[PDB]
Amino acid sequence: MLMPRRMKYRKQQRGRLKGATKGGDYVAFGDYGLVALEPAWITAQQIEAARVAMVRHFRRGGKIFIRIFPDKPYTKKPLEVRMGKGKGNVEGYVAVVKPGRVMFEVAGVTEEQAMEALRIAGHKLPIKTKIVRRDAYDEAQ
Amino acid sequence: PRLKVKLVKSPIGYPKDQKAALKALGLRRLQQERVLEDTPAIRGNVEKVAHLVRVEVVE
Amino acid sequence: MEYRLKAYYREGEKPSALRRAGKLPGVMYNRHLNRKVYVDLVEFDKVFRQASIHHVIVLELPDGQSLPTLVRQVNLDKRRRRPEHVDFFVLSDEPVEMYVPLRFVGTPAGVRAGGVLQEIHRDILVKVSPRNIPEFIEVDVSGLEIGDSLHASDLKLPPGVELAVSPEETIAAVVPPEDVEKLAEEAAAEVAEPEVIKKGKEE
Amino acid sequence: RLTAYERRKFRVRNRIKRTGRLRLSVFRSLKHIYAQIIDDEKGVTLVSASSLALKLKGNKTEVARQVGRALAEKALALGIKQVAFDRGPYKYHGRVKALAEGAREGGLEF
Amino acid sequence: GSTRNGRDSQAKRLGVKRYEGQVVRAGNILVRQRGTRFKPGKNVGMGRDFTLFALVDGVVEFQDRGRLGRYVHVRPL
RNA sequence: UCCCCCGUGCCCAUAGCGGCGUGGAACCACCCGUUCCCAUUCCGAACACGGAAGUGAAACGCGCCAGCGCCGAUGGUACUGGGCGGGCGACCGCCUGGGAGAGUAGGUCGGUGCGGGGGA
RNA sequence: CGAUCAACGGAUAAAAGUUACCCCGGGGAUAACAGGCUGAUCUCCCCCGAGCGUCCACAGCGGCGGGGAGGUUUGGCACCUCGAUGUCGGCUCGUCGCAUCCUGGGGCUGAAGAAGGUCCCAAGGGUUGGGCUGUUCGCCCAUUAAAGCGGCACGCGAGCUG
RNA sequence: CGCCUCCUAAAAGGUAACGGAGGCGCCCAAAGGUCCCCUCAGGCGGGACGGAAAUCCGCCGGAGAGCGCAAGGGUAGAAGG
RNA sequence: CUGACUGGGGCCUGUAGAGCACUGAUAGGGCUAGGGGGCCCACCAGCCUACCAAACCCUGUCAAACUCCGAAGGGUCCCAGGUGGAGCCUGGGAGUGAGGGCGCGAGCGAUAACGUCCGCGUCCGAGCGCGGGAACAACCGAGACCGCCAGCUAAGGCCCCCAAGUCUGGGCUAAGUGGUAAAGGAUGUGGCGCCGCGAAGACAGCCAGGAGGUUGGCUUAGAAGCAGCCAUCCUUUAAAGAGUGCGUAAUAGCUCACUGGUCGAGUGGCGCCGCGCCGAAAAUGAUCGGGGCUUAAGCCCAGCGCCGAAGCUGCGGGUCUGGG
Ligand SMILES: [Mg+2]
Ligand SMILES: [Mg+2]
Ligand SMILES: [Mg+2]
Ligand SMILES: [Mg+2]
Ligand SMILES: [Mg+2]
Ligand SMILES: [Mg+2]
Ligand SMILES: [Mg+2]
Ligand SMILES: [Mg+2]
Ligand SMILES: [Mg+2]
Ligand SMILES: [Mg+2]
Ligand SMILES: [Mg+2]
Ligand SMILES: [Mg+2]
Ligand SMILES: [Mg+2]
Ligand SMILES: [Mg+2]
Ligand SMILES: [Mg+2]
Ligand SMILES: [Mg+2]
Ligand SMILES: [Mg+2]
Ligand SMILES: [Mg+2]
Ligand SMILES: [Mg+2]
Ligand SMILES: [Mg+2]
Ligand SMILES: [Mg+2]
Ligand SMILES: [Mg+2]
Ligand SMILES: [Mg+2]
Ligand SMILES: [Mg+2]
Ligand SMILES: [Mg+2]
Ligand SMILES: [Mg+2]
Ligand SMILES: [Mg+2]
Ligand SMILES: [Mg+2]
Ligand SMILES: [Mg+2]
Ligand SMILES: [Mg+2]
Ligand SMILES: [Mg+2]
Ligand SMILES: [Mg+2]
Ligand SMILES: [Mg+2]
Ligand SMILES: [Mg+2]
Ligand SMILES: [Mg+2]
Ligand SMILES: [Mg+2]
Ligand SMILES: [Mg+2]
Ligand SMILES: [Mg+2]
Ligand SMILES: [Mg+2]
Ligand SMILES: [Mg+2]
Ligand SMILES: [Mg+2]
Ligand SMILES: [Mg+2]
Ligand SMILES: [Mg+2]
Ligand SMILES: [Mg+2]
Ligand SMILES: [Mg+2]
Ligand SMILES: [Mg+2]
Ligand SMILES: [Mg+2]
Ligand SMILES: [Mg+2]
Ligand SMILES: [Mg+2]
Ligand SMILES: [Mg+2]
Ligand SMILES: [Mg+2]
Ligand SMILES: [Mg+2]
Ligand SMILES: [Mg+2]
Ligand SMILES: [Mg+2]
Ligand SMILES: [Mg+2]
Ligand SMILES: [Mg+2]
Ligand SMILES: [Mg+2]
Ligand SMILES: [Mg+2]
Ligand SMILES: [Mg+2]
Ligand SMILES: [Mg+2]
Ligand SMILES: [Mg+2]
Ligand SMILES: [Mg+2]
Ligand SMILES: [Mg+2]
Ligand SMILES: [Mg+2]
Ligand SMILES: [Mg+2]
Ligand SMILES: [Mg+2]
Ligand SMILES: [Mg+2]
Ligand SMILES: [Mg+2]
Ligand SMILES: [Mg+2]
Ligand SMILES: [Mg+2]
Ligand SMILES: [Mg+2]
Ligand SMILES: [Mg+2]
Ligand SMILES: [Mg+2]
Ligand SMILES: [Mg+2]
Ligand SMILES: [Mg+2]
Ligand SMILES: [Mg+2]
Ligand SMILES: [Mg+2]
Ligand SMILES: [Mg+2]
Ligand SMILES: [Mg+2]
Ligand SMILES: [Mg+2]
Ligand SMILES: [Mg+2]
Ligand SMILES: [Mg+2]
Ligand SMILES: [Mg+2]
Ligand SMILES: [Mg+2]
Ligand SMILES: [Mg+2]
Ligand SMILES: [Mg+2]
Ligand SMILES: [Mg+2]
Ligand SMILES: [Mg+2]
Ligand SMILES: [Mg+2]
Ligand SMILES: [Mg+2]
Ligand SMILES: [Mg+2]
Ligand SMILES: [Mg+2]
Ligand SMILES: [Mg+2]
Ligand SMILES: [Mg+2]
Ligand SMILES: [Mg+2]
Ligand SMILES: [Mg+2]
Ligand SMILES: [Mg+2]
Ligand SMILES: [Mg+2]
Ligand SMILES: [Mg+2]
Ligand SMILES: [Mg+2]
Ligand SMILES: [Mg+2]
Ligand SMILES: [Mg+2]
Ligand SMILES: [Mg+2]
Ligand SMILES: [Mg+2]
Ligand SMILES: [Mg+2]
Ligand SMILES: [Mg+2]
Ligand SMILES: [Mg+2]
Ligand SMILES: [Mg+2]
Ligand SMILES: [Mg+2]
Ligand SMILES: [Mg+2]
Ligand SMILES: [Mg+2]
Ligand SMILES: [Mg+2]
Ligand SMILES: [Mg+2]
Ligand SMILES: [Mg+2]
Ligand SMILES: [Mg+2]
Ligand SMILES: [Mg+2]
Ligand SMILES: [Mg+2]
Ligand SMILES: [Mg+2]
Ligand SMILES: [Mg+2]
Ligand SMILES: [Mg+2]
Ligand SMILES: [Mg+2]
Ligand SMILES: [Mg+2]
Ligand SMILES: [Mg+2]
Ligand SMILES: [Mg+2]
Ligand SMILES: [Mg+2]
Ligand SMILES: [Mg+2]
Ligand SMILES: [Mg+2]
Ligand SMILES: [Mg+2]
Ligand SMILES: [Mg+2]
Ligand SMILES: [Mg+2]
Ligand SMILES: [Mg+2]
Ligand SMILES: [Mg+2]
Ligand SMILES: [Mg+2]
Ligand SMILES: [Mg+2]
Ligand SMILES: [Mg+2]
Ligand SMILES: [Mg+2]
Ligand SMILES: [Mg+2]
Ligand SMILES: [Mg+2]
Ligand SMILES: [Mg+2]
Ligand SMILES: [Mg+2]
Ligand SMILES: [Mg+2]
Ligand SMILES: [Mg+2]
Ligand SMILES: [Mg+2]
Ligand SMILES: [Mg+2]
Ligand SMILES: [Mg+2]
Ligand SMILES: [Mg+2]
Ligand SMILES: [Mg+2]
Ligand SMILES: [Mg+2]
Ligand SMILES: [Mg+2]
Ligand SMILES: [Mg+2]
Ligand SMILES: [Mg+2]
Ligand SMILES: [Mg+2]
Ligand SMILES: [Mg+2]
Ligand SMILES: [Mg+2]
Ligand SMILES: [Mg+2]
Ligand SMILES: [Mg+2]
Ligand SMILES: [Mg+2]
Ligand SMILES: [Mg+2]
Ligand SMILES: [Mg+2]
Ligand SMILES: [Mg+2]
Ligand SMILES: [Mg+2]
Ligand SMILES: [Mg+2]
Ligand SMILES: [Mg+2]
Ligand SMILES: [Mg+2]
Ligand SMILES: [Mg+2]
Ligand SMILES: [Mg+2]
Ligand SMILES: [Mg+2]
Ligand SMILES: [Mg+2]
Ligand SMILES: [Mg+2]
Ligand SMILES: [Mg+2]
Ligand SMILES: [Mg+2]
Ligand SMILES: [Mg+2]
Ligand SMILES: [Mg+2]
Ligand SMILES: [Mg+2]
Ligand SMILES: [Mg+2]
Ligand SMILES: [Mg+2]
Ligand SMILES: [Mg+2]
Ligand SMILES: [Mg+2]
Ligand SMILES: [Mg+2]
Ligand SMILES: [Mg+2]
Ligand SMILES: [Mg+2]
Ligand SMILES: [Mg+2]
Ligand SMILES: [Mg+2]
Ligand SMILES: [Mg+2]
Ligand SMILES: [Mg+2]
Ligand SMILES: [Mg+2]
Ligand SMILES: [Mg+2]
Ligand SMILES: [Mg+2]
Ligand SMILES: [Mg+2]
Ligand SMILES: [Mg+2]
Ligand SMILES: [Mg+2]
Ligand SMILES: [Mg+2]
Ligand SMILES: [Mg+2]
Ligand SMILES: [Mg+2]
């Protein structure tokens, strides 16, 4: 599942989740989209569960585009140690996601299929979601 | 023209520069009124503490 | 077709006031004029969803003029997915650079075999006389196998319309489909821990 | 993308301007040799001299010297004494040296 | 459990010490810096560590000459 | 005071790259030589001297063209000094003042100072 | 000129350990018990519906993921108490919660019957005696309608034990 | 545990944590002063032994190379050779 | 008169935001060195790849230690306002060098802690004096010199406890929601919007029709619409998918989809907004502070009036300071 092949730094300070998404707000490849309604660190495992469920719905067919990527390392202190003695170990990777972002798109599939896969995928993600379909507003960006 | 400035909300709990602004205007007590020349430096402190003050144009 | 849309002028009205009352702020311009305008959003939206940036919109202005324009840019509110501003571009008799719809005529071989047509470009950029705007441009994809691809160079262009993007630019492709059969070789696929780029006497 | 000639010219000229003196700049063509004394504060030439303008003769070196002398004379006439020698892209040698030496005989201070 | 980190050096208090329009005397330091972020201009010296300073009494002025860099001048009084 | 050229500056790419054209009377260059001054980790390529048969091929100057490069609005938005609200929170909104970046329209194949030399 | 005076503003030219034989002065400025905040961990309940269940997603189950509740675990923190808040287990005596072990009522069942499973309602009462071990827990013997799980300063030492 | 560089550091300076990353405890008789000269990496094409890469020729190439050592700033109109 | 603070003007800055030109990360595609693999061969060269994939390009992104950009602000100097328990200079005397809550910006922690560690601000500390918040150092209001059986307000309030409206107008809620919670679930309710389908008579009901090829195949061991997919072809039709589910061991076995008669006016589906519903289990007796509240005594919008402090006013007094 998704993680950087290499990085300049092993650990990142946590930062903030303020604002609407910087970019990535319009459908850009496929026909239907899953857009984030609230901010979160989406984990690599959560992403992979969304993906796997979608290919599972399609059985064979369709194309899934994953548009968010987990490059933020997530740190945790070993169980039961006290505060201090330096930063915790990287235990996983997250993709920071703000409201408005198209996290996933699908193409090559019926409408009822794109809706359903995106719904099931939604249930794997720890935030609220909206399914969208490509508009002229998308195409003009 | 002149500015009649009235202190109507307490500066307790507001930043020290806003407390200083009242002092530049000569406002020490709530409800106190001061008539001040309407120049830009006076007007700047009056605007600084606008949320503490009532202004009225006179003469 | 070609669509009409009533437009109106704005001076110092606050954009937020406009939007609260259903009006979508915008601007119309070209090399000769530049005017602050607004349109009814629900009216704008109805046109735009068919018009897009692809087809001519004529602006019925309250001064009586009727200007032919292309929507040049539409600003979307990123939290809510709603237009918040439109740029109306006033066509004049010069040729104009613009986007013209592609139509992908045909059912690819690659698709019959289970593939998926990735419509990489759904439209194409083009210099052309306003008096010459094609409804679209057919492109035959029927010869496409997984995983063959078409480019703008392979586009057969209508009279008086000249490509405005590099012919080397890919426009469609036919790629392998999602397949459940691949999941296990994926789910058991052992991935190397990330390398950290060396600092200092390391490099 | 500059040339050795453009770099060299800069490299010597910059070092001269830094001292703030009036700049005696020398141009040396295949046939002629010219000289202007310039105030870089004002971006203005104050005094000139050329083989071209003096309709001078033959041996380039001797000619150089003469323009040197000519330069100085019009120069002291204007109150100019001190100045700094701008050999430009040219080695201090040959025609240029000769130009310098003449301006020196003429009483120009450098 | 421990850290291999933990260190840092003293801050060096770098930057401009006199801004445009400010009156200075000869010797006044005008800029403290690493390398040449500002170059010495008219009536301005540069010490070995790139420190810009006034050569004469006068007033400071800054100048941005595009690709030529930024300059500190002192214009006499 | 206008036009061309030669120097030398300033603005610091709206001045650049590329394509095309153009100039040798003057000037500049290439050029002709390497005795002489000077010179090549070898080379008269460079630097340097002495020249004046040729050529504007190279270079340079001056024009033109927007493929690239560079510049770039207006509108709207992000964000925000100050003042207010809301949410258990992650966070979200309102008032007043300020206001980007991206992008769109569009602009650009430089402008100008001083001094020389030539021409009207 | 002689400093890993490097514990790097460098106590002496010259210096390690141990104390359950211990002592004084202090500190709830600071640990161990308990409480408190938190709830990562713990226990319980949900969302999703891949898949299993001959057939059939949902009788019984629930991949990968997602949301919570509780405050019985192990911790984090260091907030009252170090001019003392006695600390495990047992005995005695209760009392409460209900996420119910039994008994009563019920729906579904892959419920023929009998017997089960699973969920729902229900806290009135009940919830045994023994071997081992200081044990709590647990295993075991013999029974039972059942041999519930938790809270009360891990309830209860001015009530006992030790 | 002293010293240096970056980040944290909220666009002046400063700013903590057993916060995130690295370095120093040397060196150079030139690796110093000055005068003069020179300009890189890299890409493509060409060339015996000769190769991804030795040296040579050509065109492109503003700095991505170099600058003794960490990092940063700086820098070819040189601080590089 | 130099101060805090303020006005104008210059200069400095690299954060918010953003961007991708650098350093790195990055999904997909294109192009294309390099391998893996398959044809064809060892005479050394070919060829093909739905394989992994460098550089480059396009679309689309990511960054404290990236920046082609880049605010609001901040700092500093100059002129000016500013006479204040301001400022500057010399000297005497200290105390403090355990802080703490809160708001905003970060780090650490787990986008935990009445957690921890910095920054800017505030308040408590020392304002455990006063009003509101049921009670409550730091939340809101407000800086208590003394006296008054006078007045106006602040936050918060005005049904009774309890001072002041059972005040006025518009709307929602039926859950005692209000008066503690999430994913998610739902013909709750009100209100907007968008699609189908209908008097060429729809939806409901009273009534029919659902058909041949055809038990089709890559198909195994049953696979006849109804166990994987890379099949959706047609005829007769008024209609009818080589089929929406119930069904079989495989059939057969029923309906929907879809067409005909009766009525005679709506009907079905999506989405959005407001307020509610479930999800909702903890330990001595309960409870929104209580009583009690339902066109409210709840929520939203718009008002007028009052009450309400040690704030402000009136009257009288004290002390210090300045001025007569
Ligand atoms: Mg997480
Ligand atoms: Mg973490
Ligand atoms: Mg830590
Ligand atoms: Mg950690
Ligand atoms: Mg993780
Ligand atoms: Mg985002
Ligand atoms: Mg979800
Ligand atoms: Mg974009
Ligand atoms: Mg106040
Ligand atoms: Mg006050
Ligand atoms: Mg307050
Ligand atoms: Mg303030
Ligand atoms: Mg007062
Ligand atoms: Mg260590
Ligand atoms: Mg550290
Ligand atoms: Mg320091
Ligand atoms: Mg420090
Ligand atoms: Mg530092
Ligand atoms: Mg500075
Ligand atoms: Mg020096
Ligand atoms: Mg030096
Ligand atoms: Mg200036
Ligand atoms: Mg100056
Ligand atoms: Mg010239
Ligand atoms: Mg010029
Ligand atoms: Mg000038
Ligand atoms: Mg020609
Ligand atoms: Mg030319
Ligand atoms: Mg000629
Ligand atoms: Mg001729
Ligand atoms: Mg010789
Ligand atoms: Mg001779
Ligand atoms: Mg020669
Ligand atoms: Mg000759
Ligand atoms: Mg030529
Ligand atoms: Mg030249
Ligand atoms: Mg722009
Ligand atoms: Mg603007
Ligand atoms: Mg604003
Ligand atoms: Mg604010
Ligand atoms: Mg504004
Ligand atoms: Mg900005
Ligand atoms: Mg802009
Ligand atoms: Mg033009
Ligand atoms: Mg140009
Ligand atoms: Mg001239
Ligand atoms: Mg010694
Ligand atoms: Mg020490
Ligand atoms: Mg010592
Ligand atoms: Mg120190
Ligand atoms: Mg000693
Ligand atoms: Mg000794
Ligand atoms: Mg010792
Ligand atoms: Mg010792
Ligand atoms: Mg001892
Ligand atoms: Mg002992
Ligand atoms: Mg013993
Ligand atoms: Mg003993
Ligand atoms: Mg003894
Ligand atoms: Mg003994
Ligand atoms: Mg003893
Ligand atoms: Mg003792
Ligand atoms: Mg304590
Ligand atoms: Mg301590
Ligand atoms: Mg303790
Ligand atoms: Mg303790
Ligand atoms: Mg404890
Ligand atoms: Mg206690
Ligand atoms: Mg919990
Ligand atoms: Mg909890
Ligand atoms: Mg639950
Ligand atoms: Mg099965
Ligand atoms: Mg079943
Ligand atoms: Mg299944
Ligand atoms: Mg279940
Ligand atoms: Mg699970
Ligand atoms: Mg969770
Ligand atoms: Mg859980
Ligand atoms: Mg507890
Ligand atoms: Mg709690
Ligand atoms: Mg603990
Ligand atoms: Mg605990
Ligand atoms: Mg404690
Ligand atoms: Mg503490
Ligand atoms: Mg104690
Ligand atoms: Mg006591
Ligand atoms: Mg005692
Ligand atoms: Mg006691
Ligand atoms: Mg009990
Ligand atoms: Mg129960
Ligand atoms: Mg029973
Ligand atoms: Mg039975
Ligand atoms: Mg049976
Ligand atoms: Mg049962
Ligand atoms: Mg019971
Ligand atoms: Mg009971
Ligand atoms: Mg019981
Ligand atoms: Mg026995
Ligand atoms: Mg026993
Ligand atoms: Mg036991
Ligand atoms: Mg045991
Ligand atoms: Mg029984
Ligand atoms: Mg027992
Ligand atoms: Mg106990
Ligand atoms: Mg406990
Ligand atoms: Mg107990
Ligand atoms: Mg006890
Ligand atoms: Mg006892
Ligand atoms: Mg006991
Ligand atoms: Mg007791
Ligand atoms: Mg006792
Ligand atoms: Mg007792
Ligand atoms: Mg007792
Ligand atoms: Mg007893
Ligand atoms: Mg004992
Ligand atoms: Mg040291
Ligand atoms: Mg800093
Ligand atoms: Mg900084
Ligand atoms: Mg700083
Ligand atoms: Mg700052
Ligand atoms: Mg300082
Ligand atoms: Mg440490
Ligand atoms: Mg070290
Ligand atoms: Mg040497
Ligand atoms: Mg050197
Ligand atoms: Mg040397
Ligand atoms: Mg090369
Ligand atoms: Mg080669
Ligand atoms: Mg070879
Ligand atoms: Mg080679
Ligand atoms: Mg470098
Ligand atoms: Mg090194
Ligand atoms: Mg004054
Ligand atoms: Mg001052
Ligand atoms: Mg001041
Ligand atoms: Mg100011
Ligand atoms: Mg940012
Ligand atoms: Mg980048
Ligand atoms: Mg781009
Ligand atoms: Mg960020
Ligand atoms: Mg930073
Ligand atoms: Mg940044
Ligand atoms: Mg300022
Ligand atoms: Mg300023
Ligand atoms: Mg003043
Ligand atoms: Mg005084
Ligand atoms: Mg004072
Ligand atoms: Mg004082
Ligand atoms: Mg005393
Ligand atoms: Mg002291
Ligand atoms: Mg003290
Ligand atoms: Mg201390
Ligand atoms: Mg301290
Ligand atoms: Mg403390
Ligand atoms: Mg403090
Ligand atoms: Mg502190
Ligand atoms: Mg508190
Ligand atoms: Mg704080
Ligand atoms: Mg707030
Ligand atoms: Mg904070
Ligand atoms: Mg920080
Ligand atoms: Mg943090
Ligand atoms: Mg959590
Ligand atoms: Mg704290
Ligand atoms: Mg906190
Ligand atoms: Mg915190
Ligand atoms: Mg504080
Ligand atoms: Mg104290
Ligand atoms: Mg207070
Ligand atoms: Mg105070
Ligand atoms: Mg008190
Ligand atoms: Mg109170
Ligand atoms: Mg109270
Ligand atoms: Mg009360
Ligand atoms: Mg208080
Ligand atoms: Mg007072
Ligand atoms: Mg009243
Ligand atoms: Mg009020
Ligand atoms: Mg009340
Ligand atoms: Mg009453
Ligand atoms: Mg009423
Ligand atoms: Mg209920
Ligand atoms: Mg209630
Ligand atoms: Mg309730
Ligand atoms: Mg509903
Ligand atoms: Mg609703
Ligand atoms: Mg509920
Ligand atoms: Mg009403
Ligand atoms: Mg009152
Ligand atoms: Mg009163
Ligand atoms: Mg008073
Ligand atoms: Mg009185
Ligand atoms: Mg008095
Ligand atoms: Mg006094």
# chains A, B, ... in the order shown; residues from 1 in each chain; ligands from 1
>>> interface_residues(of="chain I", to="chain C", cutoff="8 Å", atoms="only C-alpha atoms (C1' of nucleotides)", output="ChimeraX atom specification")
/I:29-30,50,58,230
>>> write_last_selection(atoms="N, CA and C atoms (P, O5', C5', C4', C3', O3' and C1' of nucleotides)", output="PDB file, in the first residue's frame")
ATOM      1  P     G I  29      -1.233   4.065 -16.581  1.00  0.00           P
ATOM      2  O5'   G I  29      -1.040   5.160 -17.707  1.00  0.00           O
ATOM      3  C5'   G I  29      -2.115   5.322 -18.610  1.00  0.00           C
ATOM      4  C4'   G I  29      -1.983   6.567 -19.410  1.00  0.00           C
ATOM      5  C3'   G I  29      -0.884   6.559 -20.426  1.00  0.00           C
ATOM      6  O3'   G I  29      -1.197   5.816 -21.582  1.00  0.00           O
ATOM      7  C1'   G I  29      -0.809   8.571 -19.240  1.00  0.00           C
ATOM      8  P     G I  30      -0.029   5.031 -22.347  1.00  0.00           P
ATOM      9  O5'   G I  30       0.770   6.223 -23.048  1.00  0.00           O
ATOM     10  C5'   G I  30       0.101   7.094 -23.952  1.00  0.00           C
ATOM     11  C4'   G I  30       0.966   8.249 -24.401  1.00  0.00           C
ATOM     12  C3'   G I  30       2.295   7.877 -25.054  1.00  0.00           C
ATOM     13  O3'   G I  30       2.164   7.515 -26.418  1.00  0.00           O
ATOM     14  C1'   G I  30       2.659   9.560 -23.445  1.00  0.00           C
ATOM     15  P     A I  50       1.873  -4.116 -24.845  1.00  0.00           P
ATOM     16  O5'   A I  50       1.056  -3.524 -23.593  1.00  0.00           O
ATOM     17  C5'   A I  50      -0.268  -3.966 -23.258  1.00  0.00           C
ATOM     18  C4'   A I  50      -0.396  -4.385 -21.812  1.00  0.00           C
ATOM     19  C3'   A I  50       0.391  -5.621 -21.411  1.00  0.00           C
ATOM     20  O3'   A I  50       0.721  -5.434 -20.045  1.00  0.00           O
ATOM     21  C1'   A I  50      -1.911  -6.023 -21.080  1.00  0.00           C
ATOM     22  P     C I  58       5.280  19.655 -20.170  1.00  0.00           P
ATOM     23  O5'   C I  58       3.902  18.861 -20.258  1.00  0.00           O
ATOM     24  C5'   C I  58       3.043  19.029 -21.364  1.00  0.00           C
ATOM     25  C4'   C I  58       1.876  18.104 -21.242  1.00  0.00           C
ATOM     26  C3'   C I  58       1.001  18.305 -20.024  1.00  0.00           C
ATOM     27  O3'   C I  58       0.050  19.331 -20.179  1.00  0.00           O
ATOM     28  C1'   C I  58       1.493  16.017 -20.287  1.00  0.00           C
ATOM     29  P     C I 230     -17.357  -8.445 -18.128  1.00  0.00           P
ATOM     30  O5'   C I 230     -16.361  -8.161 -19.378  1.00  0.00           O
ATOM     31  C5'   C I 230     -15.335  -9.089 -19.795  1.00  0.00           C
ATOM     32  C4'   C I 230     -15.509  -9.523 -21.242  1.00  0.00           C
ATOM     33  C3'   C I 230     -16.365 -10.794 -21.438  1.00  0.00           C
ATOM     34  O3'   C I 230     -17.190 -10.670 -22.622  1.00  0.00           O
ATOM     35  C1'   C I 230     -14.264 -11.114 -22.453  1.00  0.00           C
TER      36        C I 230
END
>>> select_by_dssp(residues="chain D", states="strand (DSSP E or B)", output="list in words")
residues 23, 24, 25, 26, 27, 28, 33, 34, 35, 36, 37, 38, 39, 44, 45, 46, 47, 48, 49, 50, 82, 84, 85, 86 and 109 of chain D
>>> residues_near_ligand(ligand="ligand 89", cutoff="10 Å", atoms="only C-alpha atoms (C1' of nucleotides) and all ligand atoms", output="ChimeraX atom specification")
/G:94-96,150-152,155
>>> write_last_selection(atoms="C-alpha atoms (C1' of nucleotides)", output="PDB file, in the first residue's frame")
ATOM      1  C1'   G G  94     -23.892  -5.629  53.043  1.00  0.00           C
ATOM      2  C1'   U G  95     -25.538  -2.349  49.182  1.00  0.00           C
ATOM      3  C1'   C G  96     -25.763  -0.757  44.166  1.00  0.00           C
ATOM      4  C1'   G G 150     -18.608  -5.205  37.672  1.00  0.00           C
ATOM      5  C1'   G G 151     -18.922  -0.498  41.374  1.00  0.00           C
ATOM      6  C1'   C G 152     -18.818   1.052  46.412  1.00  0.00           C
ATOM      7  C1'   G G 155     -16.358  -1.544  49.661  1.00  0.00           C
TER       8        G G 155
END
>>> residues_near_ligand(ligand="ligand 6", cutoff="6 Å", atoms="only C-alpha atoms (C1' of nucleotides) and all ligand atoms", output="ChimeraX atom specification")
/A:21-22,97-98,101
>>> write_last_selection(atoms="N, CA, C and O atoms", output="JSON list (two decimals), in the first residue's frame")
[["chain", "number", "residue", "atom", "x", "y", "z"],
["A", 21, "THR", "N", -9.55, 22.59, 0.63],
["A", 21, "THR", "CA", -8.39, 21.98, -0.03],
["A", 21, "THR", "C", -7.76, 23.00, -0.87],
["A", 21, "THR", "O", -8.46, 23.87, -1.34],
["A", 22, "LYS", "N", -6.44, 22.88, -1.05],
["A", 22, "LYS", "CA", -5.64, 23.81, -1.81],
["A", 22, "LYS", "C", -5.95, 23.68, -3.31],
["A", 22, "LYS", "O", -6.11, 24.66, -4.03],
["A", 97, "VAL", "N", -6.04, 15.57, 4.08],
["A", 97, "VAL", "CA", -7.15, 15.81, 3.18],
["A", 97, "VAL", "C", -8.09, 16.86, 3.74],
["A", 97, "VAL", "O", -8.58, 16.71, 4.85],
["A", 98, "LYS", "N", -8.37, 17.93, 3.00],
["A", 98, "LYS", "CA", -9.25, 18.99, 3.52],
["A", 98, "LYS", "C", -10.60, 19.05, 2.80],
["A", 98, "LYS", "O", -10.81, 18.35, 1.82],
["A", 101, "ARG", "N", -11.84, 18.03, -1.49],
["A", 101, "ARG", "CA", -10.95, 17.28, -2.32],
["A", 101, "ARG", "C", -11.56, 16.06, -2.95],
["A", 101, "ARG", "O", -12.21, 15.26, -2.30]]
>>> residues_around(residues="stretch 26-28 of chain E", least_positions_apart="2", cutoff="12 Å", atoms="only C-alpha atoms (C1' of nucleotides)", output="ChimeraX atom specification")
/E:16-19,22-24,30-32,43-47,51-60,74-77
>>> write_last_selection(atoms="C-alpha atoms", output="short mmCIF file (atom, residue, chain, number, x, y, z; two decimals), in the first residue's frame")
data_model
loop_
_atom_site.label_atom_id
_atom_site.label_comp_id
_atom_site.auth_asym_id
_atom_site.auth_seq_id
_atom_site.Cartn_x
_atom_site.Cartn_y
_atom_site.Cartn_z
CA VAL E 16 20.36 45.26 8.51
CA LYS E 17 21.39 47.56 11.37
CA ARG E 18 20.41 50.94 9.83
CA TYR E 19 17.63 51.43 7.39
CA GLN E 22 18.78 56.91 9.03
CA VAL E 23 21.63 59.19 9.95
CA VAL E 24 24.96 57.43 10.49
CA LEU E 30 24.88 49.10 8.38
CA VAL E 31 24.53 45.45 7.56
CA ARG E 32 25.49 42.20 9.23
CA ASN E 43 30.71 55.46 0.72
CA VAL E 44 30.36 51.97 2.08
CA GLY E 45 33.06 49.48 3.12
CA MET E 46 32.90 45.69 3.42
CA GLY E 47 34.70 43.85 6.23
CA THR E 51 29.81 43.45 7.18
CA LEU E 52 28.71 46.66 5.53
CA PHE E 53 29.68 49.91 7.23
CA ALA E 54 29.69 53.65 6.67
CA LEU E 55 32.85 55.31 5.30
CA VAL E 56 31.65 58.85 5.95
CA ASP E 57 29.07 60.65 8.12
CA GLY E 58 25.82 60.92 6.26
CA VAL E 59 22.48 59.31 5.53
CA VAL E 60 21.85 55.70 4.47
CA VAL E 74 25.73 56.55 2.51
CA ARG E 75 25.08 60.02 0.96
CA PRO E 76 27.10 62.79 2.60
CA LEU E 77 25.44 65.46 4.77
#
